[PDB]
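Given next, in structure tokens, is a single chain: the form deposited in one PDB entry.
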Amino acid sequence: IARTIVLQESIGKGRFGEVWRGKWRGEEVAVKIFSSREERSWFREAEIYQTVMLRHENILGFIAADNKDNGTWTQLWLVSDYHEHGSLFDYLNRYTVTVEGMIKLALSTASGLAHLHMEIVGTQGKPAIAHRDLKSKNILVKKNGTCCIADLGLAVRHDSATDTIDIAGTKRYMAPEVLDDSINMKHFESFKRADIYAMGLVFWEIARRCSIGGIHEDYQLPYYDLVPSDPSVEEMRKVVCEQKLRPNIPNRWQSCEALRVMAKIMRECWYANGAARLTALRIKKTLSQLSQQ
């Protein structure tokens, strides 16, 4: 618990709160600390992570939510597993990946999203969940080369029985329908589809780093040469919705079977119409088969 955790190093900032590398009984763990005025964000994220049957190898492992009074003010804590590599963003900026490495990153990410999206029926049932803010900066890389999804604070949970959501993201990754406000937020399926579009962008970031024969593209965020670094909804909307542009597909990707499969998936994730996009499960299937080949 928070009572015996010692913070050692600042390792990042979340939408709200700061992330630290702490030690729990000698073991390294990750700690996200919120202020008293950020209680709703802290609570909502703790709520999502405590969803029944949520644990999965491709979802950040949640340890606990707690309060810690230092004598002057109260800190609101969330504790999880610690991954030295940090975000996929950091990973892709620092390294290049092999074909096998790329598939593992993409496959693990898709498996995590498919788990989130999938409703598990049963007495201890897991509701379908949509992320709403998927990006390379909140996907983490484990020591074994696989990814796990984090930052579930903006997630929404579905109630299949009544087809309603339990409650009422990053501009660059916002889906077309989100950018132009045409998305039907009363339809849970629309949130799932919007997540697919974002995963498509992430896949593009990974593929660029797939080095074959010492050849590869430099790391870049999707739309790096079409919009400013911290783009607004309008700037994104004009490019994605009006000009209808998507990340450029290097001709180099046509030389490798793996890259060809990855590219096809991306295209099928970027359709302006969410209903036309692939599902996380289908993507997982395709990547799983490619992995076997």
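Position 1 is the first residue in the sequence shown; the rest follow in order. C-alpha atoms forming the largest set that superposes within 1.5 Å between two forms make up the rigid core.
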item: 111 to 119 versus 183 to 191 - greater average Cα B-factor per the deposited record; value: 183 to 191
item: Between the two ranges 203 to 211 and 75 to 83, the one averaging a larger CA B factor in the entry; value: 203 to 211
item: Out of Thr170, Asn138, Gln124, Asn93, residue topping the C-alpha B-factor column of the entry; value: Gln124
item: Residue with maximal Cα B-factor (values as given in the PDB entry) among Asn58, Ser36, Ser255, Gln50; value: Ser255
item: Chain-wide C-alpha B factor ranking for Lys238, given as lowest, middle or highest third; value: middle
item: Third assignment of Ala2 from its chain's C-alpha B-factors; value: highest
item: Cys269 - Cα temperature factor, lowest/middle/highest third of chain; value: middle
item: CA B-factor placement of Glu27, once the chain's modelled residues are sorted into thirds; value: highest
item: B-factor third for the C-alpha atom of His131 within its chain; value: lowest
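Heads up, the form deposited in another entry isn't pictured, but that's what we're talking about next.
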query	finding
Answer among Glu57, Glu235, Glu268, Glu39 for the CA shift between the shown form and the other one that reaches 2 Å or more, rigid core superposed	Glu39
Is_shifted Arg282 between the shown form and the other one (CA, 2 Å cut-off, rigid core)	no
C-alpha of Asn67 moved at least 2 Å between the shown form and the other one on rigid core	yes
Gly125 C-alpha shift between the shown form and the other one of 2 Å or more, rigid core reference	yes
Closer or farther in that other deposited form, the Cα atoms of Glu38 and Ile139, when the shift from this form is 3 Å or more	closer
Direction of the Cα shift between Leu154 and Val52 in that other deposited form, where the change is 3 Å or more	closer
